[PDB]
Amino acid sequence: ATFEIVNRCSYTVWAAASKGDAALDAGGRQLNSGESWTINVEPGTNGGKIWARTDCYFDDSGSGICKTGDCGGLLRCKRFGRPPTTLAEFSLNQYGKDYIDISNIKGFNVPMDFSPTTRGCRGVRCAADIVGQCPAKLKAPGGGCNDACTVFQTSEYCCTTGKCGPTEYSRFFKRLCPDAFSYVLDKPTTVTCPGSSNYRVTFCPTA
């Protein structure tokens with residue numbers, strides 16, 4: 001599938017794309033306000049994610065640090081990023097279908113729309129002002145809203161026993177973005193799309 005990644009924020013984002021053990025396409029790219037990056041993701045890819053990184057500082061070698069979503073200090077990500085990160089998640093061509101979602105399980109940093117380019121399925125969006133409303137204990141330094149698992153590292157929030165339920169903190173995200181995962185065992189908000197589908201991920205969507 002083709003993904004057009006578009007930054008409509010007033011600020012630069014450093015887009016990232018990975019399946020956890022490898023880059024997708026070039027893995028990362030600086031997108032100043034108004035810029036776009038079109039990537040190819042191999043058909044059949046499972047566990048792919050796209051996210052924004054904010055306030056990055058890179059040297060000539062593409063090494064440095066980002067305030068949110070840092071992936072081992074690299075411009076071109078090969079691994080997933082440090083929370084808080086709003087996540088566009090996808091597995092492609094699993095038995096003839098694509099499966100997409102947005103997740104707040106690793107927190108929220110940038111508002112996001114994740115939409116198919118086809119009429120065959122719907123998009124999802126999480127663009128509420130989660131950072132401005134973020135409870136003090138979840139606030140990430142300088143920007144973003146951490147998930148409770150990141151902050152507290154207990155089974156209640158991280159769902160490590162394999163059994164967990166909603167919490168005051170998951171509900172915070174869920175009420176602001178009902179169509180995004182708010183904890184690991186949230187009722188799925190995954191959208192099923194045709195296998196031929198391409199996508200657009202928009203940071204700071206408007207219309």
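Residues numbered from 1 in each chain as written, not as in the entry; some residues may be left out. Heavy atoms only, no water.

Method of structure determination, per the deposited record: X-ray crystallography was used for this entry, reaching 1.269 Å resolution.

Per the PDB entry, the recorded name for the chain is Thaumatin I, and the organism is Thaumatococcus daniellii. This entry carries the title "Thaumatin Structure at pH 4.0". UniProt, in its Sequence similarities section for the chain, records the words "Belongs to the thaumatin family." (UniProt positions renumbered as here; feature names shortened; annotations may be inferred.)

Here we come to the packing of aromatic side chains. This structure, assessed with the given rule, holds 10 aromatic pairs. Residues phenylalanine 3 and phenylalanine 114 carry aromatic rings whose centres are separated by 6.2 Å and whose planes lie at 35° to one another, so their mutual orientation is tilted. Note that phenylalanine 3 is positioned in strand β1 (residues 2–7) and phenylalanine 114 in strand β9 (residues 112–116), a separation of 111 residues in sequence. Classification of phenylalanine 3 as buried rests on a relative accessible area of 0%. Taking relative accessible area as the criterion, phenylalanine 114 reaches 0% and is therefore assigned buried. For the ring pair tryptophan 51 and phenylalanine 80, a centre distance of 6.2 Å and an interplane angle of 70° mean the geometry is edge-to-face. Residue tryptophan 51 is found in strand β5 (residues 48–58), and its partner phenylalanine 80 is found in the loop between β6 (64–68) and β7 (87–94); the two are separated by 29 residues along the sequence. The class for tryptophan 51 is buried, based on a relative accessible area of 0%. Under the relative-accessibility criterion, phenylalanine 80 is labelled partly exposed at 28%. Among the aromatic residues, those joined into a cluster by ring pairs are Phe3, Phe90, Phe114 and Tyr199. Here the basic side chain of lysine 49 rests over the ring of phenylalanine 80, its NZ or CZ set 5.3 Å away from the ring centre. (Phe/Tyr/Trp six-rings, centres within 6.5 Å; stacked < 30°, edge-to-face > 60°. Helix = DSSP H or I, 4+ residues; strand = E, 2+ residues; numbered from the N terminus. Buried < 20%, exposed > 50% of the residue type's maximum accessible area, 1.4 Å probe, protein only. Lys NZ or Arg CZ within 6 Å of the ring centre and 35° of its normal.)

In this section: the pairing of β6. With 4 bridges joining them, β5 and β6 adopt antiparallel strand pairing. In the strand pairing of β6, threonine 54 is matched with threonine 68. In sequence, β5 turns back onto β6 through a hairpin of 5 residues, with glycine 62 there showing a positive phi of about 75°. (Pairing = 2+ DSSP bridges.)

What follows deals with unusual backbone geometry. Residue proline 83 is joined to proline 84 through a cis peptide bond whose omega torsion reads 5°. Its location among the elements puts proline 84 in the loop between β6 and β7. If you check the backbone angles, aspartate 55 has positive phi at about 50° while not being a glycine. As for its placement among the helices and strands, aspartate 55 is situated in strand β5. With a phi close to 55°, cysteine 204 is a non-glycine residue in the positive phi region. For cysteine 204, a relative accessible area of 16% puts it in the buried group.

Read across the open sheet, the 5 strands follow the order β4-β1-β13-β9-β10; overall the sheet is mixed. One side of each edge strand has no neighbouring strand; the edge strands of this open sheet are β4 (36–40) and β10 (124–126). Each strand of the sheet is rotated relative to its neighbour by a mean of 15°, with strand direction disregarded. (Axes fitted to C-alpha atoms, helices over the stretch in contact; angles between N-to-C directions.)

Before going further, it helps to examine the pattern of salt bridges. Enumeration according to the criterion identifies 6 salt bridges in this entry. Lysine 19 serves as the salt-bridge partner of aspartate 21, at 2.7 Å between the closest nitrogen and oxygen. Residue classification places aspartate 21 among the exposed positions, given a relative accessible area of 53%. (Salt bridge = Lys/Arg side-chain N within 4 Å of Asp/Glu carboxyl O.)

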